[PDB]
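Engineer: Questions regarding the structure given below will be posed in turn.
Each answer follows from the model by the rule given with it, or from the source it names; nothing here is a laboratory result. FYI the Cβ positions are ideal-geometry reconstructions off the backbone, even for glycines, and counts take in every protein chain you see.
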Amino acid sequence: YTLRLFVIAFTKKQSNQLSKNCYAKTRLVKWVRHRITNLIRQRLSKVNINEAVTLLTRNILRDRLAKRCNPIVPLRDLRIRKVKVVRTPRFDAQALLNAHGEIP
Amino acid sequence: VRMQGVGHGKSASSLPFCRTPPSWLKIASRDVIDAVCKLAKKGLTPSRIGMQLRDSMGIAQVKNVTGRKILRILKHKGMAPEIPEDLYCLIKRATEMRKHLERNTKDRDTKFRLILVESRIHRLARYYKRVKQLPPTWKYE
RNA sequence: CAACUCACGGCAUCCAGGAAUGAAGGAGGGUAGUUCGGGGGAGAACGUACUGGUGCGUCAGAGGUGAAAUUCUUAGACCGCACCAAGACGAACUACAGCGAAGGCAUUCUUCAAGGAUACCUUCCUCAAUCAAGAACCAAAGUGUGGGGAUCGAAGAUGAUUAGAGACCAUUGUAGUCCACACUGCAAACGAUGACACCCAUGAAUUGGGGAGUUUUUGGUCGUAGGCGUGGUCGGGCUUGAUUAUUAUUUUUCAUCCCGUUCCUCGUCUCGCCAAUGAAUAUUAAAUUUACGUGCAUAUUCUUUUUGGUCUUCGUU
């Protein structure tokens, strides 16, 4: 399985800020997107299919992501905007049925 | 205002009112002049030598102690460059841009620039034949 | 030829008597901050949407307008779902914000050369300003050759409205819109404000860079009291450079290459005694400036394993 995880985030004003700009530089931005791609390719590399989806659905990833990110520049939200599948492994009976367990 | 661009800079250096050298220096003339020429042998230009020599040896303005300036020193020892630093710099720059354009023919910005550079070459050259320091047979390309 | 107080003399002899005003709130050139930005070119991917197609369902309307008609349909339109194709474009975020000499420039990553600002006790020492001639660049529309053709669309066609409508409106449609290579130099190309330099009152705001500082020079005895580092002497190793070596005439054969203290010379640091910047009885444009605190903060990885050791299942006692 081979995937795409669209993301999105936004900057956040400091609590004592008196300025009506919140705008970032360029280097700042790029770091975030660097240190995003890396992590989502490091966690999911050694994690299998059914093992993966359970992270995304419950928003486990979002925790580990944002809590790294924040001291690069402050973030207001991070979300996973959309998730998509590209290349699939070929059909199997057992790997399938073993992932549903009992069938009601 | 900038010579053939636009911009106003004011980044600058202002050396002190006193033209006498510090108390704390333990060099004298000899020591200085040595270190100048010595580093010149590497292929440093006057600029680079002076910067190295403030950051290691604490001699700020060479002229104050040695009683003469970097380029004079090197001329007397025959290590001064045949084509002077300032224009040679330009020429080097220009060539690189020309190389780039042999592969990048839809680039426009680069060529606007190249004009400006080549122009500047001329003007400098003409003040190094007004002031004798080049042959009169000098030419760019 | 050497030796040889000092002199004459000989030596493609050397350095110093600062030997050449200053370093413009002019220009140029350096060095640095992974500096700064929808600046420019190239390559690789991404995103929905419009349009077309294929498959799977349903069944009679759908388009369109003020009201209609032109138009498409039981050969299944329109609509719903999945997928594929092709060309163009990059929403919201996007602003009295950024970059570029203008015209102009918004997806992401990689890459190629450039430019501006700031910082400097760096270098050079008037190299500059402006501008007939000449040269380069230049929105959109147009012209040529080849390619592309999804969307919109001059010309044209059909349907309306109107006294008339070859107009606004509806459905279509060629050139064009896109790309490459040549041509053109015609804009409300506008801030309707030519370029360069100086002087000049006020309160908030915004983009980029940099800074936020208070006991020194040590002089004289330089005084080995100590330490550190370098070059010399034996020693160790080294076919070190000349070199027995290399055939075990291996016999070396030495200052030496690489290592090498208790030795001499030199550099520097530590330690030291003394000396150097802190005395008000009255103030004319001031001799010394706030603050210095908050919020966030990686086990941050893959392992192939192989020698034991806990287990298990066959034969046999």
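Engineer: How about the range A:33-58: which of its residues are in contact (Cβ under 8 Å) with a residue 40 or more places away in the chain and in contact with a helix residue (DSSP H, G or I) (Cβ under 6 Å, 6 or more places away or on another chain)?
Structural biologist: Residue satisfying the conditions is A:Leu44 alone.
Engineer: Go through the residues of the range A:12-25 one by one and say whether even a single one is more than 30 Å from A:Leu97 (Cα to Cα), more than 8 Å from RNA strand C (Cβ to nearest atom) and touching a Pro at 6+ places or on another chain (Cβ under 6 Å).
Structural biologist: Checking the range A:12-25: at least one residue is more than 30 Å from A:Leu97 (Cα to Cα), more than 8 Å from RNA strand C (Cβ to nearest atom) and touching a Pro at 6+ places or on another chain (Cβ under 6 Å).
Engineer: A further question follows. Can you tell me which residue is nearest to the other protein chains (Cβ to nearest Cβ) among those in the range B:88-135 that are over 23 Å from the mean Cα position of the chain (by Cα) and charged (D, E, K, R)? Break it down stepwise before answering.
Structural biologist: The initial filter retains those residues of the range B:88-135 that are over 23 Å from the mean Cα position of the chain (by Cα), namely B:99-112.
Still in the running and charged (D, E, K, R): B:99, B:102-103, B:106-109, B:111.
On the way: B:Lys99: 28, B:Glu102: 31, B:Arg103: 27, B:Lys106: 25, B:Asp107: 23, B:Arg108: 24, B:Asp109: 20, B:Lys111: 27 Å.
Checked the range B:88-135; the qualifying residue nearest to the other protein chains (Cβ to nearest Cβ) is B:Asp109.
Engineer: Here's a check for you: in the range A:45-68, which residue that is surrounded by 12 or more Cβ atoms within 10 Å (Cβ to Cβ) and in contact with a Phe, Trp or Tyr (Cβ under 9 Å, 6 or more places away or on another chain) is nearest to A:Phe91 (Cα to Cα)?
Structural biologist: Top of the filtered list is A:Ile49.
Engineer: While we're here: Show the residue pairs meeting these rules: Cβ distance below 9 Å; 6+ apart or different chains; first residue within the range A:82-104 and away from chain B (no Cβ under 14 Å); second residue of a type outside the set (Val, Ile, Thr) and part of a loop (DSSP other than H, G, I, E, B).
Structural biologist: Close Cβ pairs (under 9 Å, with a partner that is of a type outside the set (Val, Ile, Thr) and part of a loop (DSSP other than H, G, I, E, B)) amount to A:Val85/A:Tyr1; A:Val86/A:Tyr1; A:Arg87/A:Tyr1; A:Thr88/A:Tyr1; A:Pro89/A:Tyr1; A:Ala95/A:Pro89.
Engineer: Considering only the range B:48-58, I want to know if a residue exists there that is closer than 30 Å to B:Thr20 by Cα, part of a loop (DSSP other than H, G, I, E, B) and of a type outside the set (A, V, I, L, M). If you could, list the steps in order and put the result at the bottom.
Structural biologist: Our first condition is that a residue be closer than 30 Å to B:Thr20 by Cα; within the range B:48-58, this holds for B:48-58.
Filter again for part of a loop (DSSP other than H, G, I, E, B), leaving B:57-58.
Subsequent filtering for residues that are of a type outside the set (A, V, I, L, M) retains B:58.
Yes, that holds for at least one residue.
Engineer: Here is a follow-up. Do you know which of the residues in the range B:68-115 that are part of a loop (DSSP other than H, G, I, E, B) and of a type in the set (A, V, I, L, M, F, W, C) is nearest to RNA strand C (Cβ to nearest atom)?
Structural biologist: Checking each candidate, the answer is B:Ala80.
Engineer: Which ones in the range B:1-23 are in contact (Cβ under 8 Å) with a residue 12 or more places away in the chain and either within 23 Å of the chain's Cα centre (by Cα) or exposed (fewer than 10 other Cβ atoms within 10 Å of the Cβ) (or both)?
Structural biologist: The answer is B:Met3, B:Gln4, B:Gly5, B:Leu15, B:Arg19, B:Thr20.
Engineer: What do you reckon, is A:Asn38 more than 11 Å from RNA strand C (Cβ to nearest atom) and closer than 30 Å to A:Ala99 by Cβ? Outline the logic, then answer.
Structural biologist: Working: more than 11 Å from RNA strand C (Cβ to nearest atom): no; closer than 30 Å to A:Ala99 by Cβ: yes.
No, not satisfied.
Engineer: Something else about it: Tell me which of these B:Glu118 doesn't satisfy, since it passes every other one: (1) within 6 Å of RNA strand C (Cβ to nearest atom); (2) among the charged types (D, E, K, R); (3) assigned by CATH to the domain that holds B:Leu134; (4) part of a helix (DSSP H, G or I).
Structural biologist: Every listed condition holds for B:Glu118 apart from (1).
Engineer: Being within 11 Å of RNA strand C (Cβ to nearest atom), under 17 Å from the mean Cα position of the chain (by Cα) and surrounded by 14 or more Cβ atoms within 10 Å (Cβ to Cβ) is the filter here, so list the residues in the range B:32-59 that pass it.
Structural biologist: Within the range B:32-59, B:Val36, B:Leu44, B:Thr45, B:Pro46, B:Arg48, B:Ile49, B:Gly50, B:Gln52, B:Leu53 meet the criteria.
Engineer: Could you tell me whether B:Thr105 is exposed (fewer than 15 other Cβ atoms within 10 Å of the Cβ) and among the polar types (S, T, N, Q)?
Structural biologist: Working: exposed (fewer than 15 other Cβ atoms within 10 Å of the Cβ): yes; among the polar types (S, T, N, Q): yes.
Here the answer is yes, as B:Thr105 does meet what is asked.
Engineer: For the range A:70-104, which positions are acidic (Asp, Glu) and part of a loop (DSSP other than H, G, I, E, B)? Break it down stepwise before answering.
Structural biologist: Applying the first criterion (acidic (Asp, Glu)) to the range A:70-104 yields A:77, A:92, A:102.
A:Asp92, A:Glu102, listed by residue number.
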